[PDB]
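Here is the structure we will look at.
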Amino acid sequence: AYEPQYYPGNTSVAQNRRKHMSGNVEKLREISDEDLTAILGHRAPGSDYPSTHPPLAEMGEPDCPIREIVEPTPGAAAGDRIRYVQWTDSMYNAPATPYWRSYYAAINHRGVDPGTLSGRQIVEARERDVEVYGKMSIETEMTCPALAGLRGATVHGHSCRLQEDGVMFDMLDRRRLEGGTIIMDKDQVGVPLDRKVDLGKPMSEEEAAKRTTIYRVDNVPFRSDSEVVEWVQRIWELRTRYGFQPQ
Amino acid sequence: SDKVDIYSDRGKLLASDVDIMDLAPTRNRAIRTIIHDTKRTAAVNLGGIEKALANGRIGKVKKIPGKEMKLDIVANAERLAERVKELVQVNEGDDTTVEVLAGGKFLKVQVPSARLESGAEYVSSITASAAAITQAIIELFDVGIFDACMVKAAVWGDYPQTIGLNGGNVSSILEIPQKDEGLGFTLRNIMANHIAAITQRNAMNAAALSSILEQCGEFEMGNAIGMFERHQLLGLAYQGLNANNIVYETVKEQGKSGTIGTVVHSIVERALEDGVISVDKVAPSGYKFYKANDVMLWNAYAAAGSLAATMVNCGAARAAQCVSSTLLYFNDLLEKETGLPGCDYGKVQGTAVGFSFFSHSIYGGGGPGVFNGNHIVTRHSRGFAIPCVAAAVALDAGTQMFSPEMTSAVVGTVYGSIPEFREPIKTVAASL
Amino acid sequence: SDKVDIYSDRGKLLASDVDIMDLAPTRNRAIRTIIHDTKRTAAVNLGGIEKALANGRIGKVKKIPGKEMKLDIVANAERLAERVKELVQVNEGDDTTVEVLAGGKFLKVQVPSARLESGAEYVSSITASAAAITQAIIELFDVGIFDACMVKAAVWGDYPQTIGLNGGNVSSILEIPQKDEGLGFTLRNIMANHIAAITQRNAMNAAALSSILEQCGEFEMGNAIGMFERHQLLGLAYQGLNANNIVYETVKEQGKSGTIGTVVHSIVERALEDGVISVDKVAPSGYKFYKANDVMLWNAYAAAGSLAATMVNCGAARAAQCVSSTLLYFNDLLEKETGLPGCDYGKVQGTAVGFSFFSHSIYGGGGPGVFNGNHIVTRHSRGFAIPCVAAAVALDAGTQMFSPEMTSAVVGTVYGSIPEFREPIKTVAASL
Amino acid sequence: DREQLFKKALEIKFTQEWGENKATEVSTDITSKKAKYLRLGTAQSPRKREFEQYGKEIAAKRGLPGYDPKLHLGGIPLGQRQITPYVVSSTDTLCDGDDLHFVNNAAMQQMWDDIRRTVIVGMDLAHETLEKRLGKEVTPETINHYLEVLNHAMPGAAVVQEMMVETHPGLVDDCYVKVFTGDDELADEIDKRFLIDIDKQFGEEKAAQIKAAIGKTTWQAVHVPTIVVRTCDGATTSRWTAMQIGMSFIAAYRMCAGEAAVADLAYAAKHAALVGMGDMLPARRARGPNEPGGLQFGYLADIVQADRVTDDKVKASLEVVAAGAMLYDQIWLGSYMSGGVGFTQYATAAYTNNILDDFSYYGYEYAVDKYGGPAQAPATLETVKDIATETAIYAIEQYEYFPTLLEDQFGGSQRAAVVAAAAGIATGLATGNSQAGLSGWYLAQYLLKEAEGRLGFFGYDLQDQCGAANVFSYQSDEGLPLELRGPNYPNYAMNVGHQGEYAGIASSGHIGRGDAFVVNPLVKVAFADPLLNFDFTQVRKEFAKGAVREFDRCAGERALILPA
Amino acid sequence: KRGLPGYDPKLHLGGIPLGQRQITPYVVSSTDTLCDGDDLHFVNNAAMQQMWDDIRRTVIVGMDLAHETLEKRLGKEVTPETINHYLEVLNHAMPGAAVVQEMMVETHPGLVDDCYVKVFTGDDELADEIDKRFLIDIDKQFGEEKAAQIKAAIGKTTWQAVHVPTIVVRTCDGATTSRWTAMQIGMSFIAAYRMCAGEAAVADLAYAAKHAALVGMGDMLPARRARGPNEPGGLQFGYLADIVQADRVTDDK
Ligand code: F43
Ligand SMILES: C[C@@H](OP(=O)(O)O)[C@H](NC(=O)CCCCCCS)C(=O)O
Ligand SMILES: C[C@@H](OP(=O)(O)O)[C@H](NC(=O)CCCCCCS)C(=O)O
Ligand SMILES: O=S(=O)(O)CCS
Ligand SMILES: [K+]
């Protein structure tokens, strides 16, 4: 037996980082299957998932011992196209941080291709699998609909000052606070939708500060989580020493 | 001394109590024979020569009007193979071989050992083959003085205006020595697509052939001297040759519902059970910082884990692209879980960072299949990254544009016809 | 079938009725051993490493202040050689050798065959030696983590910022594969100064070693296939190995008062006497146009003549520079005297035209000693020009700035200590 | 309380109107996390309006369109967020970020041309050739005559043949040759018009250190015409130099104009006594010598000359960072290795708004107080851990205390380059060891990742995750002192936000020690020359001049041969 | 001005300046222009420098493999409308202007107005649907026989004739051209087809533009005269003949 520990630290930030890593995240809002498909912009809502169409020479399944013992995901078994879910998260205590959305995906979802950047975080996977991931990425506490936004392009905003209404700037205006709720009426690449998708209320400033995986000097300073600073120094020192002589 | 049991691509015992020193590129007979055949074997594309002649074409776009020659090359493949053998051989009955493949479209040429022994590199496999087919065609079709330069161009391409046989029809699993980034990189300049095609998309054999070639490269680079010989051989045995069945059994245990993260947890549990790591100290929060009781063996477990995670994650999606993120997050999460450095002390994770970038951006790279140990993006790890890329390419089910069927048809047919290349784990264990 | 008698550097019979096929790089055991030792032998400049460490210097001008580590290296050459042998060898009692030379300043390292058999090229001779001496020095002086990078720089130079060990202290008779102009040029990239230093300025042995290496290069390039095998072997035997004593006896006959022109007349007289050429037709003026009864044998007589003329002309002046004009005017005058093409059908004369220009102008090149078979100026002939350059360099009594004593002290000492390199004619004849 | 050095710049660029961005309506408080988004687009920016206007003229003239702000994704032009200017650090120049794009900045192009068009060629072996082969006497009189001939010939003018056609001197007036020597007796006899006087250019201690390293050797600092390297490439420079050196020796010493001894002078000038700016690159990113990829980090530190004229150690190191961030990220990675809009702001993060200055002065002041002074801290992992952690965490917190600072350096790679450069430079200056500084850089990168839960762009940290292990490795393609690393060091060959900062770290150990040079004393002396078009003592001031279209020493233009 | 001398006719050997023999002009063949030989030195002749820059700054990049990636890998439709929109975006982006990100700084269009992309195709049905502003019409530029010969050699394939800014190759080198071209082709496909701005399929478009569908002016040179692609040493003699266009407009062979 083995009980995963995930990450060091004892502050609310470290506790939230372990929640995102372990998948122990609270559900705070609901999105319908068709509204999720509409905002991802890969196919018409309600339509069946299209398949890949590879050349004749690649249709044959090879005799492979690994293919025989690794079960394909539902998306891989159906031959879905590879599609994506990309998020931008404010540095003003958006619950999510790019590395921790990638750790959440790597630990809790099969057959995923996560990518971490400062202003965007992506997960590519077989379309139906990426929608299962996408639903959890938007319904859970990993998202605040004001401090975060699905953006497959023109991502600028993670490090910008918030708007006067507390919403993170979006050059393409895909979602905004409209009459007491967050409305997303364009897909993740800015194409206007023929519907309004209601992403619900934003988190309060206090809730975001309590649920965030980002450290901030005016909330939970990075300097205050001694075990995390120690862990960094330990990895740096051991990598340095073993690079010279691995003993 | 370090001992291992070698297990097959299907998790069956092949050899027991094997000293890792006996698996070294410098000692193992099967690995030496693989390298010998890699250096002496070349592919002549007779179908390509026929089309180049018929259309006066050189490569993909160059065409010289008025130079067309309609010669039945493929229909005379056997006759040309016999003459090519006479020209490539040094003595009658020597170790030269010429085999007609793909219904007359290709010739597998294996130059005799004598050409490599009197040369400095492998390139006589290309030059003897190109000169032999050029001469054989000139003779068979009685090509005159004015037209022989078109036969020459159909075989050798733009050479010598280009450094190599650019746009020609003679190639190898290897690239010209001038393309090496540094010293000892020739055996590292082999596309992952070539490996997956050669090994018939068997992911274990793909990782094994790639690990053998990468570690032959690391040895030739001077990265396996002194204490580093043990370091690289432990990586070769545990990642490349399924030592103690760790790769296969981890993939089997995690194959139904596993993720990159559950593979991290399995590897930490196994390293602790085997005494490779132990708790160093417990922090006030309860987090356990671990210590490596054997640093090189811990590195080898992280290399085996990096491959097992690739097989579980790319295998589940049946999609090669997941390898770049798998190599990154398996090692990043391994460090966060234990407080110990990841595979190659951050260099597998670092390689995976740039590899992810250059397989998802405008700047260069491409799909996983185009990468290799000599590629500027993926050269950084000491042979522990490309074996995972080769396995990932093998596991793909139709997501790639630049697949092995597109880029590696000739190399796959020619080198894939050789058993030691198709089944490297079995061949290595049997030569002990 | 073509037979020859091989004569020594002093014109004495060594072997009779030798089939030229048995002198081929692909068949002759002595040539194969010379190439095997060329690829596996490297030089470690302990004197250079000592000064680099003491002054924090890398190459000729780079110096990093504050990095001085005045380690005592040269006086510890035997202890360091012992440790280098342990690190370079694969198994105890294998074919690895490490020898101290030049009073501790150099180590001759011969890596075991196993490193070449599991590598694609010769470069493990450099990388295993560089890694071995770096590790041995770190151990002997207990060099710490912060300072080991300066031991690394003292041995490997600017590598990997540079493609090779630029400004380092590990070198070979060969240059890195990335410097090859095309395919099969590695054995051609050897300075004429290196050959002359290795052969102790014995002009016959300098021409012989150069001819062997150049023809190994021509074979690896694909220029000795089919009918061209006979073509190159006749050139190797008559120009490189003093076949039928033509080179030595022509030089002896013309040594006291001969010129480039009298050597032309001697060669035409001999070719006519031996039945190699005959009168084809007589013009109205009485001028006789000759025909070649055996074109390849006529080419070989012109190659032998080109060398004999170099020895007579450069020997008389005791000045290497005369070789460029000798190769030009021996062949130009040979054509004007007979109406037949000169050596290599104009390519020795053509090589000599550019060689003369690039050894007497502002644009590049230098003295004869800097040229080689891979040099853009002198690569054009199929191995028939550089053997004459090596002999000319050997015959120089002190006119050159960039002499073998200036450019080839390391290589000359290391490879010159090996008998097969010093006495190649004797070694080749004895292996039959 | 220490007043952060960037606050003045943040007040100017965010709270004072620039163009018609209505800055006072966006926010007047540099600490406010909120701002009023006015979405002014193109209308707020005179610079974007200039580009839009030229785009209309171009489309009309060619019948094929070009620049059009409305072709931005969704038909939404740049400037939905407030468009702000940049203060070039250490200057009072305020400019648009477009004015710092290498294409739009002649000072930046001229900086690269002055490096590209330079090689250093020894004279001793050439003089020895003349003595040995011709029995010629070399004296200060023959050398001075040779230098007059050389400065006439080098730009492309004839000295031997009749009926030669020559370059227009007005197009090549940036081309010249100066000399320097470690032989003080010879230096006192060289014609002062051509001499780089080591005693005048460097302080007493540094001049002695240079002379001891150079010995009694003599060198030519050659600068071929900018128009030639622009028409051709960097690999032209050593060949162009050798041709005119050869002609000048022929004419000045009355040699035969083409004898065997001339080839020895050619081999000496092109290979044996040549000291270029960098060697060739491998096949994938193939280039000949004298290209940015071959320029070792220590060479860029020796080209820059701020340390020669200022005792402010941090300032001198950051002038190196500015030259390197521009050359390596904007020109090299952003054009030679990629292109398009490129990487202006990945580089400007390291030379604007006094931000890197604030972080570097903080770390260095902390180290001076704790360890005593420059080059006094022990070169150990304990010292690196202390200085780099202190400096990195201070820098991390500044982005959180100042939302305007975070919005200015909006990309994580910009924050990573600046946070880690400050940690590395403070560590290098304090220990006098640039390898200790490099170790500090990687520790700072790791701290930033865990602090913000993000680091740089997708592939930013390939070299940083490889980094800690490869600082002190002695393996074949891993080990190397930082001074000798460069853009061809494998881990460093691809990514922005590292190379220029590494040039500053390479300089830091040496600046801490008071060394005259970092890796090549010949390079240091060759660039200690006020006649060079670019002023290498004031890199940031020169970039600021180019930004406002006031840099007046741009070479290589063809106005003289074009219609008026 | 410098206090360091330059050109001086009296520094010619013996203090005897050029022109002891009569200095005569040259007639440029086929013209009535009479000029000094110095006016034909490449340094002093902007037409000569611009000829080399127009070659150096050009590469040809195929569209078929990129369109196939969009269709097969992403299930995106490629039509004449999407191609024409892509070409407008491409001619805005290629000189160094932004299309995806916010707060980008850009090249001054007035410095890069020589930069543009045109297209040509052997598919006549597609040629009739491409926006005429960007088309090189093979039927208009070549005679009936030559146009047929070109179309038969090219087949039903489409290509981009890219000309990056002269200021860029002058500041940098010829090996910059294919990379500069690929970066802005990649950005234009992202913007014109509304892809994710950085997904796995984007790397296939990069590999196609930089390697698989690239047709440069010449390949690299070996170590002694090392240079990357698009330098004069790599320019094959037949390529220079195909760059020159006098045979297309004169029957005088
Ligand atoms: C399409 C890519 C993927 C790729 O391969 N390159 C891109 C785009 C490319 C283009 C954008 C030009 C344009 O807008 O048309 C250029 C300028 C390169 C070029 N071709 O000239 C560039 N990036 Ni990018 N790129 C940058 C950056 C960034 C930051 C921006 C994050 C933010 O919050 O704004 C993120 C990476 C990250 O998250 O860490 C980023 C991503 C990306 N970068 C995403 C697009 C993101 C988006 O959809 O908005 N860049 C930076 O972090 C700052 C410097 C900036 C570069 C331009 C400059 O230096 O001035 C530019 C460098
Ligand atoms: C990877 C390699 O590209 P290829 O995979 O060979 O197409 C390489 N480009 C680069 O490294 C791009 C570097 C500059 C742009 C990225 C800055 S983070 C090159 O063109 O030689
Ligand atoms: C020979 C070679 O010079 P090196 O011998 O390598 O110095 C070469 N130069 C040239 O070929 C000069 C060609 C142009 C001048 C002569 C025109 S006839 C070069 O620089 O790479
Ligand atoms: O988004 S990417 O990190 O691939 C490129 C940033 S310029
Ligand atoms: K240029």
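Start at 1 and go down the list; that is how both ligands and their atoms are numbered. In what follows, chains are A, B, ... by sequence order, proteins preceding strands, each numbered from 1.
Every atom of ligand 4 with a heavy atom of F457(D) under 4.0 Å away is listed here by number and element: 3 (O), 6 (C). Of all atoms in ligand 1, listed by their number and element, those nearer than 4.0 Å to a heavy atom of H158(A) are 33 (O). Listed by atom number, the atoms of ligand 1 under 4.0 Å from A153(A) heavy atoms are 48 (O). Those atoms of ligand 1 with a heavy atom of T154(A) less than 4.0 angstrom away are 47 (C), 48 (O), 49 (O). Proximity to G411(D) (heavy-atom distance under 4.0 Å) selects the following atoms of ligand 1: 52 (O). Numbered from 1 in the order shown, with element, the atoms of ligand 1 that lie under 4.0 Å from a heavy atom of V341(D) read 17 (C), 21 (O). Applying the 4.0 Å criterion to heavy atoms of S361(B) picks out, from ligand 4, the atoms 4 (O). Distances below 4.0 Å separate heavy atoms of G342(D) from the following atoms of ligand 1: 17 (C), 19 (C), 21 (O), 56 (C), 57 (C), 58 (C), 59 (O), 62 (C). Interface atoms of ligand 4 facing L117(A), defined by a heavy-atom separation under 4.0 Å, are 1 (O), 2 (S), 3 (O). Near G456(D), the atoms of ligand 1 lying under 4.0 angstrom from a non-hydrogen atom of the residue are 39 (O). Applying the 4.0 Å criterion to heavy atoms of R120(A) picks out, from ligand 1, the atoms 38 (O), 44 (C).
Under 3.5 Å, the side chains of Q110(D) and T226(D) contain a donor-acceptor pair of N or O atoms. Using a 3.5 Å distance cut-off with no hydrogens or angles, the side chains of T107(E) and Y67(D) do not pair a donor with an acceptor. Side-chain atoms of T116(A) and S102(A) include a donor-acceptor pair closer than 3.5 Å. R174(A) and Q188(A) are not linked by any side-chain donor-acceptor pair at a separation below 3.5 angstrom, with hydrogens and angles left out of the test. When only modelled atom types and interatomic distance are considered, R230(D) and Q49(E) share no side-chain donor-acceptor pair under 3.5 Å. A side-chain N or O of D408(D) and one of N353(D) form a donor-acceptor pair less than 3.5 Å apart. No hydrogens or angles considered: a donor-acceptor pair under 3.5 Å links the side chains of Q160(E) and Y86(E). A donor-acceptor contact under 3.5 angstrom links the side chains of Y399(D) and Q409(D), judged on distance only.
Ion pair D114(E)/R57(E) flagged as a salt bridge, since at least one NZ, NE, NH1 or NH2 atom sits closer than 4.0 Å to an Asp/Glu carboxylate oxygen. By the 4.0 Å N-to-carboxylate-O rule, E407(D) lies close enough to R161(A) to be salt-bridged with it. The pair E199(E)-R83(A) fails the salt-bridge criterion, with no side-chain N (NZ, NE, NH1 or NH2) lying under 4.0 Å from an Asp/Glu carboxylate O.
Not a single heavy atom of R151(A) sits closer than 4.0 Å to an atom of ligand 1. The shell of residues lying under 4.0 angstrom from ligand 1, judged by heavy atoms, includes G339(D). Using a 4.0 Å cutoff on heavy atoms, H360(B) does not count as a contact of ligand 4. Not a single heavy atom of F343(D) sits under 4.0 Å from any atom of ligand 4. Using 4.0 Å as the threshold, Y346(D) has a heavy atom nearer than that to some atom of ligand 4.
Counting heavy atoms closer than 4.0 Å to ligand 1, residue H156(A) contributes atoms from both its backbone and its side chain. For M104(E), every heavy-atom contact with ligand 1 shorter than 4.0 Å involves the side chain, none the backbone. Under 4.0 Å from ligand 1, not a single heavy atom of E102(E) appears.
Closest heavy-atom approach to atom 18 (C) of ligand 1 among the candidates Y363(B), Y460(D), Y346(D), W180(E): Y363(B). The closest non-hydrogen atom to atom 3 (C) of ligand 1, taken over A197(E), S361(B), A206(E), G152(A), comes from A197(E).
The only member of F543(D), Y346(D), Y86(D) that meets ring-ring contact (aromatic ring centres under 6.0 Å, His included) when paired with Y351(D) is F543(D).
When only interatomic distances are considered, the shortest N/O to N/O separation between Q345(D) and ligand 1 falls below 3.5 Å. Polar contact check, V99(E) against ligand 1: a nitrogen or oxygen pair lies under 3.5 Å apart. Taking only nitrogen or oxygen atoms, main chain and side chain alike, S159(A) does not reach within less than 3.5 Å of ligand 1. Checked against a 3.5 angstrom limit, the closest N/O atoms of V155(A) and ligand 1 fall inside it. Below 3.5 Å of separation, one finds an N or O of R120(A) facing an N or O of ligand 4. Ligand 1 has an N or O atom lying under 3.5 Å from an N or O atom of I362(B), backbone or side chain. Residue contacts with ligand 1: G119(A) is placed with a nitrogen or oxygen under 3.5 Å of a nitrogen or oxygen of the ligand (distance criterion only).
Taking the ring centroids of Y336(D) and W332(D), they lie under the 6.0 Å cut-off. The aromatic ring centres of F358(B) and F371(B) sit 6.0 Å or more apart. A distance of 6.0 Å or more separates the ring centres of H158(A) and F410(D).
For the pair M217(E)/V59(E), no side-chain contact is recorded, criterion being any heavy-atom separation below 4.5 Å from C-beta on.
If you put the vertex on the K ion (ligand 5), O of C232(D) and O of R230(D) sit 90° apart, to the nearest 10°. Geometry about the K ion (ligand 5) gives an angle of 70° between NH1 of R116(D) and O of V229(D), rounded in steps of 10 degrees.
Counting backbone and side-chain atoms alike, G234(D) contributes no N/O/S atom closer than 3.4 Å to the K ion (ligand 5).
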I'd like to know whether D89(A) forms a salt bridge (charged side-chain N to carboxylate O under 4.0 Å, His left out) with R120(A), so could you lay out the CA-CA distance, the side-chain angles of the two residues, the decisive distance to 0.1 Å, and finally the verdict. CA-CA 7 Å; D89(A) 294 289; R120(A) 45 175 290 224; over 6 Å; no
